[PDB]
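To start, the structure itself, in structure tokens.
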Ligand SMILES: *[C@@H]1O[C@H](CO)[C@@H](O[C@H]2O[C@H](CO)[C@@H](O)[C@H](O)[C@H]2NC(C)=O)[C@H](O)[C@H]1NC(C)=O
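In my numbering, the protein residues as written are 9 to 694.
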């Protein structure tokens, strides 16, 4: 029985409850319905909805955490948006600002004074407080050696804070009367009084809501400037790159189940009809106006423009940002039982063949290099960015998605020899993608359709990702298994048209179209064989021909063969001569890469540099183990790797790839988006 439900919204107070029923009537005259409740607290409202006792409730980031925590583990279904300038606002950046001419960054701040707005409030407490806890700054493991209050003393020497139930070394530079000071109500805080701290010099370090140094006084600028977590420091409007946190913007949670989208539809509709534009008696976002503190941001935040949707996958750990998460993880959510301080490197293993590979190391790395194995190679991307994982060595495409998520290359591979590594003379390496056409052949990029094709596998950059990539920009939709009359592409569907060329099994079980050892048309040469025996074209490397031609591949087929029988097929028709890989290649394909996070970079390279020669190719302990080798199969690290040098500092995946590469990789996956790739992406436009 098809879609048609009732959405029971969760409340907090009676006045907000009353406005709830006041929509009833419409929910009624409309398809999806409602049933409003009321809970004295939001924790109750959360445990309520959780136990299917209710549908959903819109929350803040400070709560959205708690809401996402177990056993609740509630999902963020849709955020709220606002009117500023930058873009289509969906957050509120958490920064920090001090006076110009500062002789420190943060690694030595274990003594200077400070200044907050109040305790347990974001930007002020929580955030910098948590960021510092997780950045080890404040030697702290649990309140019983240094409470959130205690620890302050053995970190600070001054803090202007309204929290005085226990500690004093966090109650100093607050201006005013001798009995009205450390009170949350003292005008020496909020966003201006604490901003008055650096202004009236009463406190050295002070971090508040961003862009307040604009609301306050656009004029006098550089007397104050923002300070980054990565050594750097910058000007007034330099927050979108030098802000402590990606402080979110009120979202809408819910459990994780079938009864979900209806929650999206009973609202989006409760918007398009009865929204800010509604010509009725309701303003679903609260018209910008003042009111009674009892009735503020009711049902939904009053200072909102509209509500934007949030991806299926999207969790707390993700929606609110890493920063905020890392910050608040430093708290009493757990001191260090399910979240230790293992500063040392670890790796996203992807396979039992890989985990243990990583494990094969973990003994001979005495902690210097840890492990966490995975199932889908895409688990890597989320884990690292989740802080759970540290690094990863992946293929071309995965690098794209990653970079969109915020992760980037830090130390790429080398496929020639270390005898061209530790230097900055000729950085990248030449491996090209070519459209191998036959000598007397018919084919060409202009009559390439309806041709029998030969791909290595359903996924290798040169042997697949690129063809389909270029192809996309002239395919209608990604009906790749609906272009060539047929072909072989080991890994494509069972009885598909794309496996038709696959000569499958060598004998025994009819393993056709397998990206397995058991395949005959597997790999570059396999797919080349394909061109020779069946196909009208084969997608492979620049020097894939040379490898066999010249009397090199001494097989039942190649024996004779001269590349004087193969030709390059250029995207413009030009039947280029094999030897011109440069002037007739499909794509200049990059080498793999260790994509990681913007905060552990230069030092992660180090870790790999330490172990580099320790367990590297020309390495010393070659009698113990290595790194690239693994049963003689590419495990995380391809086996055809010698150097793995520290790349260029301050680059980007877009740069790492190349326009002619990014361009097509970006616009290929456009043709068919995906979860991870979708979540990271909507977060790009925050
Ligand atoms: C195929 O890729 C893109 C996407 O279809 C085509 O055009 C875009 O290419 C890049 C984005 O992927 C951008 O740099 C271009 O500016 C963009 N085009 C426009 C009008 O903005 C591109 O033409 C195709 N590739 C080639 C080589 O033609």
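Each residue gets a CB set at the ideal place from its N, CA and C atoms; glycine is no exception.
Nearest-angstrom beta carbon gap, residue j and residue i [assumed within contact, 8 Å]
| i | j | result |
| --- | --- | --- |
| residue 450 | residue 583 | At roughly 11 Å, the Cβ-Cβ gap does not stay under 8 Å, so residue 450 and residue 583 are not in contact. |
| residue 422 | residue 651 | 3 Å |
| residue 244 | residue 221 | 6 Å |
| residue 307 | residue 27 | 5 Å |
| residue 733 | residue 233 | The first residue shown for the chain is 9 and the last is 694, placing residue 733 beyond what the model contains. |
| residue 653 | residue 419 | 7 Å |
Environment of residue i [buried if 16+ CB atoms lie within 10 Å]
| i | result |
| --- | --- |
| residue 369 | buried |
| residue 240 | exposed |
| residue 63 | buried |
| residue 338 | buried |
| residue 345 | exposed |
| residue 280 | exposed |
| residue 228 | exposed |
| residue 51 | exposed |
| residue 620 | buried |
| residue 36 | exposed |
| residue 84 | buried |
| residue 563 | exposed |
| residue 15 | buried |
| residue 124 | buried |
| residue 677 | buried |
| residue 92 | exposed |
| residue 263 | buried |
| residue 628 | exposed |
| residue 167 | buried |
Own chain residues within Cβ distance below 6 Å of residue i, not counting five before or after
| i | result |
| --- | --- |
| residue 417 | 601, 603, 664 |
| residue 88 | 257, 258, 309, 312, 315 |
| residue 290 | 282 |
For residue j and residue i, the rounded distance between their alpha carbons
| i | j | result |
| --- | --- | --- |
| residue 490 | residue 467 | 17 Å |
| residue 364 | residue 426 | 27 Å |
| residue 707 | residue 53 | Absent from the structure is residue 707, since the part of the chain shown begins at 9 and ends at 694. |
| residue 638 | residue 526 | 20 Å |
| residue 694 | residue 630 | 49 Å |
| residue 303 | residue 44 | 17 Å |
| residue 38 | residue 267 | 18 Å |
| residue 684 | residue 493 | 33 Å |
| residue 402 | residue 121 | 45 Å |
| residue 622 | residue 483 | 49 Å |
| residue 424 | residue 360 | 29 Å |
| residue 252 | residue 273 | 35 Å |
| residue 679 | residue 669 | 16 Å |
| residue 383 | residue 355 | 14 Å |
| residue 520 | residue 141 | 55 Å |
| residue 208 | residue 194 | 15 Å |
| residue 437 | residue 40 | 58 Å |
| residue 576 | residue 553 | 10 Å |
| residue 162 | residue 146 | 8 Å |
| residue 561 | residue 567 | 6 Å |
| residue 130 | residue 277 | 33 Å |
| residue 29 | residue 324 | 29 Å |
| residue 224 | residue 205 | 14 Å |
Cβ shell of residue i (< 7 Å), same chain only, five flanking positions each side left out
| i | result |
| --- | --- |
| residue 495 | 460, 461, 462, 463, 506, 508, 509, 543 |
| residue 570 | 557 |
| residue 34 | 282 |
| residue 539 | 444, 446, 462, 545, 546 |
| residue 645 | 401, 635, 636 |
| residue 415 | 389, 392, 393, 603, 604, 605 |
| residue 183 | 196, 208, 210 |
| residue 689 | 412 |
| residue 12 | 39 |
| residue 343 | 149, 150 |
| residue 271 | 15, 63, 64, 85, 262 |
Same chain, Cβ closer than 8 Å to residue i, neighbours up to 5 away in sequence not counted
| i | result |
| --- | --- |
| residue 472 | 463, 464, 465, 466, 497, 547 |
| residue 565 | 537, 540, 541 |
| residue 138 | 334, 335, 336, 337, 338, 339 |
| residue 158 | 151, 174, 175 |
Check: residue i C-beta below 7 Å from any heavy atom of ligand 3
| i | result |
| --- | --- |
| residue 381 | Within the structure as shown, ligand 3 is missing, the only ligands being ligand 1. |
(message) So within the segment 194-224, which uninterrupted alpha helix (DSSP H) runs reach at least 4 residues, ignoring any that extend past its ends?
(response) The DSSP assignment places complete alpha helix (DSSP H) segments of no fewer than 4 residues inside the segment 194-224 at 203-207, 220-223, in order along the chain.
(request) May I have a chain-ordered list of the beta strand (DSSP E) segments no shorter than 3 residues that lie completely inside the segment 328-362? (result) Entirely contained in the segment 328-362, the beta strand (DSSP E) runs reaching 3 residues are, in chain order, 356-358.
(request) Any chance you could list the alpha helix (DSSP H) runs of at least 4 consecutive residues sitting entirely within the segment 620-674, in chain order? (result) The segment 620-674 contains these whole alpha helix (DSSP H) runs: 661-665.
(message) Could you tell me which whole alpha helix (DSSP H) segments of length 4 or greater appear in the segment 369-394?
(response) Within the segment 369-394, the complete alpha helix (DSSP H) runs of at least 4 residues are 387-393.
(request) Jot down the residue ranges of each uninterrupted alpha helix (DSSP H) in the segment 101-174, minimum 4 residues, whole runs only, in chain order. (result) Counting only unbroken stretches of 4 or more residues, the alpha helix (DSSP H) elements lying wholly within the segment 101-174 are 134-142, 158-161, in sequence order.
(request) Ignoring anything shorter than 3 residues or poking outside the segment 485-532, list the beta strand (DSSP E) runs there in chain order. (result) Runs of the beta strand (DSSP E) spanning 3 or more residues and lying entirely within the segment 485-532 occur at 494-496, in chain order.
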